[PDB]
Amino acid sequence: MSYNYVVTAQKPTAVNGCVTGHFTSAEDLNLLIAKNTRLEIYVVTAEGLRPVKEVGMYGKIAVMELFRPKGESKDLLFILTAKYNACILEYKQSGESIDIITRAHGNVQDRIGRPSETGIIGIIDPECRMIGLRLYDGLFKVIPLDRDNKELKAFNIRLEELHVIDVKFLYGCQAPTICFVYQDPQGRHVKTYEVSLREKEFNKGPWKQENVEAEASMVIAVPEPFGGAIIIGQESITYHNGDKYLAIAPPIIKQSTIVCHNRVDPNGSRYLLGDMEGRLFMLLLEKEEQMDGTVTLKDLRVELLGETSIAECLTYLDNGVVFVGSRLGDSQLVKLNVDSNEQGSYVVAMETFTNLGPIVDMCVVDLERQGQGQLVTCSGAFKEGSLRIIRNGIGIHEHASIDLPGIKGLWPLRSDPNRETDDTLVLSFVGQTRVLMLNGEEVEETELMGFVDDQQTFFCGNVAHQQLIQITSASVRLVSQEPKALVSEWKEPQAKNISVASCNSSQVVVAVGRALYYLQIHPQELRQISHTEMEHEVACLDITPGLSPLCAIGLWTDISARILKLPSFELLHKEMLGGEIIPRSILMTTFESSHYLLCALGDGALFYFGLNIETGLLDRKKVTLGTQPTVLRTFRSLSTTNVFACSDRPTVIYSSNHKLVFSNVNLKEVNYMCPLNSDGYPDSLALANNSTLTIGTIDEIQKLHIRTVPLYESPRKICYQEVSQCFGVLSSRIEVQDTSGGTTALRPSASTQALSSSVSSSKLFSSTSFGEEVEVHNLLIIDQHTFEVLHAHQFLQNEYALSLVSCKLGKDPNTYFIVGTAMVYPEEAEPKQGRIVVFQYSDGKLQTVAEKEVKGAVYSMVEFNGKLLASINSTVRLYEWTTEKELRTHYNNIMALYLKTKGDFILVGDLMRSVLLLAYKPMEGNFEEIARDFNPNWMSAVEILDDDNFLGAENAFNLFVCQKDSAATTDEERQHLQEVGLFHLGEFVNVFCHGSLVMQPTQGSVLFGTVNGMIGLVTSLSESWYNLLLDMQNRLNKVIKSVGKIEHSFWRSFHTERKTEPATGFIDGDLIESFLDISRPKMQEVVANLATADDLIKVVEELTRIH
Amino acid sequence: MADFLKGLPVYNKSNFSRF
């Protein structure tokens, strides 16, 4: 009876792999970026990186390589899932759309191998003879490459070399030959083998086995003109080819291990290298063209180019530009320049890509303060460590406000020698109209003086021929920019009112009852051109430039999207979309390389269409925004700008990949709006509602607005303290032993350039190498508005902070920052000494209140019921805040890393392996072990849904829920709890916490962050929702196409090295929200028995507004 | 001025000159 639900709140942003090649067409420079379950394809264009198609697989991309075999049109992509799903792909844009055909596929797991240190390796032959795998120790797998092997078949060779580091296929050999670095006793070596796919055996390799560096970590396939292999160790870079052998050992390298490499030239004369310190080297193979026209290679030279961010992938694109794929921090784009312009860095940043990095910890705050919170995470490691403030939805920041009561229109107006800055704002009430005169921000209105007084203005703009028009319920009126007086007016033939109004720079389309009149703006005159009465009564008009071929309309009778020319009123189309309530707003504008038609029903729904303008032919989809007539309007932030959707749920339609973005606005309700670039509020927007008249600015192009706070060090834990109006963050930096026997700063990080910056000097202990890297932990008092390191309190040497708490204890009025540490000596791996320290941020100082000496590692701790629950090594103590402010102490026996508290005296502890359930009783101060879990799990996170639902996540990228068993005898069968939920996420969860990003039928909300920068939400479903969506899952696998032909069943299965179970009690909207992206024949194959399309399309539309 | 930065690969020149 545990029915949960997981959605992606943010795609994984870390970059794990990136390759270059010709994938779309021939000479189509593609950049293929691997995130986790996502695959991104780009085309190098003048613009920069422009994508073609972002696909999504049911697996964790572990091997990604490109190649086109003998006689192929374009390169064939190859991908291997970490769960051992192989597939060859092919970009095929034969039609106007894009489809990734799956030429081949096949699972290549071995029932009898052990995954090896340094993980999976996927190598491909230089001439596309075979794919080579190194999944398990001592087993090299071969997959021959022909055409009939479409069901990817494979066979294993045996590898006498047991511990293998890195393998590569050598260029220019008589047949497939392999070069690798393997380890055994007596250091590690490099051996050569020949793969013989005719006898399925290993043959003695081209050259002798050499001894190499002890820490050789990478092998580089050197191209044809030179041939050989380059081996990158920690301190010596060596070149091996037969008897030839070169090697250079620059001390410039040892400081950090080289991690990645990328080939620059096709010749291989130049290579790019990357440090964990964030460097970027250029490895050189200098040439020596001899007498006999041949080329040879003479020496190696490595010289530093500068520093990028810490790179896990590396890739030269084109024109001296390199894409830096960062896993610990922001991926970026980099230009390498011959002239080192500034300092010594030949490296210049061009673009950075938001990477939420390894999310170590996070917390939810109401920084905006309605109901919608913002996530503040601890992203990145080392120099790329930052804080990320995920704000959800387009937001504004108001600059002024005026108590108005019920406006019915907003219009900018310019009434002066044109300064290019609007100086007049004109409002309209149900009848009365008041032309606000605002040289500054004034209230007092002077009707700039011909505009109508109490008749309720429908349009008020700046028409061409340097004049100013006003459409109202009396007449259209032209006030001039020559004497500034009423010079022209179009009364009505029957002398009756105007209903609809539509005006641009030089045209005017008005409507009376059923009639449609056309007017053209000329100096001091209003000219009549067209004239027609429609079939039905006019409800809404739109014209869009100062001359429009088309004129869109909405009628009062049949909800007819009708398009008309203007020099006459010839009908060009009508749509079969008849509702029952009137269309209220209509608009047509240009977003990107297209022309869309928009229409707003009175019920709250909106349609969008596409078309050109040489014929009136037009993409029905009932997108629902608010519940009240949504008044549309175009607005102008930059030049390429979008439309504003005034409603009680203000949406904004931006341009995506030349499609639709629908981002809510963090305001309660808006009825009317218009842009404003004023000589007093420049580039502001005027927002009207039923109350105030705000004025402010705008933020973002899509949903999230991610604020960044660079820390330049590693942030570990985070808390929020409202009484101090500031955050609390624990963080560690790296320091290397100097020539003096102490440490040093690598780079000026945040803790070292803090405002206060105190230290410790606490004698609590009484019972030292050189050239090392030591950690130094601090407590950062980040401020919550002007993120800055107010205070940075430093701990003792060899003391690592591991837990952070911001709470009140006992009946003490003060709110404290409680920090629990652990003494780490670089020798014995389970700490024996620790500390729990209680601080207070009084004003500008960080007082040390109390200090309970502790012997053990304080892994985690949480406020419990005014008591300080703490986890020390294998003991779970319950402390208590003494009136003397001493925190006196109360027992279990278990290694708790993670610790949560529902309340009600019930606890959650993890990790001797599995989960436990403990209860406190006002009885003895001691806990009772209610019911634990026995099947083991190497876990990494914990959370509570309710009293009988406990969320787990373990080192294996799976989720699972525990629940107290209800079996026969409560004597023991209750003393256990089973796993009513199993689920494979593919992400490495680090932290669970409660809250929702949206301001908020389905119960619950738990957010989690992951190493790949992915953010997800967990909810709960009644037994009528779970069984609806469960059968909606087991019917969507049949009607959705998998990129690798990987059955969704297999992807979600609980996978470990031991129990491979099916999923239960879990539902992923990432597989169910996609149901809104299919055709109706398919979409109605899932919904037939047990219910139609319009009864799921708009039900799921509620299930996307949970995150 | 770097020696080893003269003449980076150029597959197309109008390929990256907008930014």
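Residues numbered from 1 in each chain as written, not as in the entry; some residues may be left out. Chains lettered and ligands numbered in written order. Heavy atoms only, no water.

If you look chain A up in the PDB entry, it shows as DNA damage-binding protein 1 from Homo sapiens. Its PDB title, taken directly from the record, is "Crystal structure of DDB1 in complex with DET1- and DDB1-associated protein 1 (DDA1)". Regarding chain A, the UniProt comment filed under Pathway reads as follows: "Protein modification; protein ubiquitination." (UniProt positions renumbered as here; feature names shortened; annotations may be inferred.)

Re the overall build of chain A
What chain A contains, in helices and strands, is four helices and 83 strands. The C-alpha radius of gyration computed for chain A amounts to 34 Å, which stays within 12% of the reference 32 Å derived for 1107 residues, consistent with globular compactness. Seen through its C-alpha atoms, chain A measures out along the principal axes to roughly 105 × 90 × 70 Å. Counting every position in chain A, which comprises 1107 residues, the buried fraction comes to 56%. Put simply, chain A shows about 48200 Å² of open surface, and 48% of that area lies on carbon and sulfur atoms. In chain A, 100 side chains carry a positive charge and 139 a negative one; their mean positions are 3 Å apart. (Helix = DSSP H or I, 4+ residues; strand = E, 2+ residues; numbered from the N terminus. Rg over C-alpha atoms; globule rule 2.2 N^0.38 Å. Buried < 20%, exposed > 50% of the residue type's maximum accessible area, 1.4 Å probe, protein only. Areas by Shrake-Rupley, 256 points an atom, 1.4 Å probe, with all protein chains shown as cover. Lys, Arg positive; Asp, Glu negative; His and termini not counted. Charge placed at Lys NZ, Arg CZ, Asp CG, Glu CD.)

Notes on the interface of chain A and chain B
When the parts come together, some accessible area is lost, and that loss is often what is quoted as the size of the interface. Listed per partner, the contact involves 30 residues of chain A and 19 residues of chain B. Where chain A abuts chain B, roughly 2300 Å² becomes buried across the two surfaces, and 61% of that area is made up of carbon and sulfur atoms. Run the count over chain A and chain B and you get one salt bridge. Counting across the chain A and chain B interface gives eleven residue pairs in polar contact. (Contact = heavy atoms within 4.5 Å. Buried area = accessible area lost by both parts, 1.4 Å probe. Salt bridge = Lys/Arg side-chain N within 4 Å of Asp/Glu carboxyl O. Polar contact = N/O pair within 3.5 Å; in protein donor to acceptor, adjacent residues only side chain to side chain.)

Regarding the packing of aromatic side chains
How two aromatic rings sit relative to each other is set out by the distance from centre to centre and by the angle between their planes. Residue and element names in this part refer to chain A. One pass over the full model with this rule turns up 24 aromatic pairs over all chains. With centroids separated by 6.0 Å and ring planes inclined at 65°, the aromatic side chains of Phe23 and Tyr91 adopt a geometry described as edge-to-face. With a gap of 68 residues between them, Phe23 in the loop between strand 2 (17–22) and strand 3 (29–34) and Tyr91 in strand 8 (residues 85–92) connect regions that are remote in the sequence. With respect to burial, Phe23 and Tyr91 carry one shared label: buried. The structure contains a cluster of three or more aromatic residues connected by ring pairs, namely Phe140, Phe180, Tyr182, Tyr193 and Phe202. (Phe/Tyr/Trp six-rings, centres within 6.5 Å; stacked < 30°, edge-to-face > 60°.)

Digging into helix 1 (residues 1023–1033) of chain A
All names here are of chain A. Turning to helix 1, its buried residues number three or more, namely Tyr1026, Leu1029, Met1032 and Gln1033. Buried residues along helix 1 cover an arc of 130° about the axis, so they all sit on one side. Summarising the contacts, the buried residues of helix 1 are in contact with helix 2 (1048–1052) and helix 3 (1080–1086). (Arc of directions from axis to C-beta.)

Here's the deal with the domain arrangement of chain A
Residue and element names in this part refer to chain A. Each assigned domain of chain A is listed here: domain 1 (1–13 + 356–393 + 704–1021), domain 2 (14–355), domain 3 (394–703) and domain 4 (1022–1107). Each of domain 1 and domain 4 has a C-alpha centre, and these two points are 34 Å apart. Contact residues are listed per partner, giving 32 residues for domain 1 and 28 residues for domain 4. The tally of links between domain 1 and domain 4 comes to one salt bridge. Where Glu979 meets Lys1059, a salt bridge forms, and the shortest distance between an N and an O atom there is 4.0 Å. One can count ten residue pairs in polar contact joining domain 1 with domain 4. (Domains from an automatic or database assignment.)

Section: the pattern of salt bridges
All names here are of chain A. Tallied over the full model, the rule gives 44 salt bridges over all chains. The closest approach of N and O atoms between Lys11 and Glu40, which form a salt bridge, is 4.0 Å. You can see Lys11 sitting in the loop between strand 1 (4–10) and strand 2 and its partner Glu40 sitting in strand 4 (residues 38–45), a full 29 residues away along the chain. The salt bridge involving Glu535 is made with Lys574; its shortest N-O contact spans 3.9 Å. Judged by relative accessible area, which is 54%, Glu535 ranks as exposed. A single network of salt bridges, built from pairs that share partners, joins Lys11, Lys35, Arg38, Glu40 and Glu54.

With respect to the sheet that holds strand 33 (residues 386–392) of chain A
Residue and element names in this part refer to chain A. Overall, antiparallel pairing links the four strands, which are arranged 31-32-33-61 in an open sheet. Looking at strand neighbours, the two that pair on one side only are strand 31 (362–365) and strand 61 (704–710), the edges of this open sheet. For this sheet, the mean angle separating the axes of adjacent strands, direction not counted, is 20°. Note that strand 31 and strand 32 (residues 374–379) share four bridges and pair antiparallel. Paired with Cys363 across the strands is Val376, a residue of strand 32. (Pairing = 2+ DSSP bridges. Axes fitted to C-alpha atoms, helices over the stretch in contact; angles between N-to-C directions.)

Looking at the state of the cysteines
Residues and elements named next belong to chain A. What the rule picks out here adds up to one disulfide over all chains. There is a disulfide in this structure between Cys18 and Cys313, and the S-S distance comes to 2.0 Å. Disulfide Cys18 to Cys313: torsion about the S-S bond roughly -100°, handedness left-handed. Taken together, the residues span a long stretch of sequence, with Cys18 in strand 2 and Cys313 in strand 27 (residues 313–316) at a distance of 295 residues. When sorted by exposure, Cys18 lands in the same class as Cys313, which is buried. For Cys87, which is in no disulfide, the shortest distance to another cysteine sulfur is to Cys128 and amounts to 17 Å. Lacking any disulfide linkage, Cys726 is separated from the closest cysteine sulfur, that of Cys719, by 11 Å. The buried category is assigned to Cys726, whose relative accessible area is 0%. (Disulfide = S-S within 2.5 Å.)

With respect to the side chain of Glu384(A)
The topology assignment puts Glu384(A) in the loop between strand 32 and strand 33. Those residues in contact with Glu384(A) that lie beyond four places of it in its chain are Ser309(A), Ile310(A), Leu328(A), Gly329(A), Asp330(A) and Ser379(A).

A few points about the environment of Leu1090(A)
One can find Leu1090(A) in the loop between helix 3 and helix 4 (1100–1103). In sequence terms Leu1090(A) and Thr1019(A) are 71 residues apart; their C-alpha atoms lie 24 Å from each other.

Considering the sheet that holds strand 7 (residues 76–81) of chain A
Residue and element names in this part refer to chain A. An order of 6-7-8-9 is seen for the four strands of this open sheet, with the pairing classed as antiparallel. At either margin of the open sheet sits one strand with a lone partner, and together these are strand 6 (61–67) and strand 9 (99–107). Strand after strand, the sheet turns through a mean of 20° between neighbouring axes, direction not considered.

Thoughts on the nonpolar core
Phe23(A), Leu32(A), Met64(A), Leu77(A), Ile79(A), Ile100(A) and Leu375(A) are the most contacted members of the largest nonpolar core, which totals 56 residues. Aside from chain neighbours lying at most four places away, what touches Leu32(A) is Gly17(A), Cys18(A), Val19(A), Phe23(A), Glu40(A), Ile41(A), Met64(A), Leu66(A) and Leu77(A). (Core = buried A, V, L, I, M, F, W, Y, C linked by side-chain atoms within 4.5 Å.)

Digging into a nonpolar patch on the surface
Taken together, the side chains of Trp556(A), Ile581(A) and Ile582(A) define a hydrophobic patch exposed on the protein surface, amounting to about 270 Å² of accessible area. Positionally, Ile581(A) belongs in the loop between strand 49 (571–573) and strand 50 (583–589). (Patch = residues over 30% accessible without salt bridge, like charges linked within 9 Å, V, L, I, M, F, W, Y side chains within 5 Å.)

Some thoughts on the pairing of strand 8 of chain A
Residue and element names in this part refer to chain A. In terms of residue burial, strand 8 counts as a mostly covered element, since seven of its eight residues are buried. Relative to strand 8, strand 7 runs antiparallel, the two being bridged by four bridges. Bridge assignment links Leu80 to a residue of strand 8, and that residue is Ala86. Alignment of strand 8 against strand 9, held across eight bridges, turns out to be antiparallel. The partner of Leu89 across the bridge, within strand 9, is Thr102. Hairpin remark: strand 8 followed by strand 9, antiparallel, with six residues in the connecting loop.

Some points on the environment of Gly132(A)
Residues and elements named next belong to chain A. Topologically, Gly132 is positioned in strand 11 (residues 130–136). Between the C-alpha atom of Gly132 and that of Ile143, which follows or precedes it by eleven residues, the distance is 6.4 Å. Excluding anything up to four places from it in sequence, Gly132 contacts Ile121, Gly122, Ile123, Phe140, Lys141 and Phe169.

A few points about the side chain of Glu161(A)
Residues and elements named next belong to chain A. Take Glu161: it is sitting in the loop between strand 13 (155–156) and strand 14 (163–169). One buried charge, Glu161, has no salt-bridge partner; the nearest side chain with opposite charge is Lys191, at 4.2 Å. When residues no more than four places from it in sequence are discounted, the contact partners of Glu161 are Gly138, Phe180, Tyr182, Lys191 and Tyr193.

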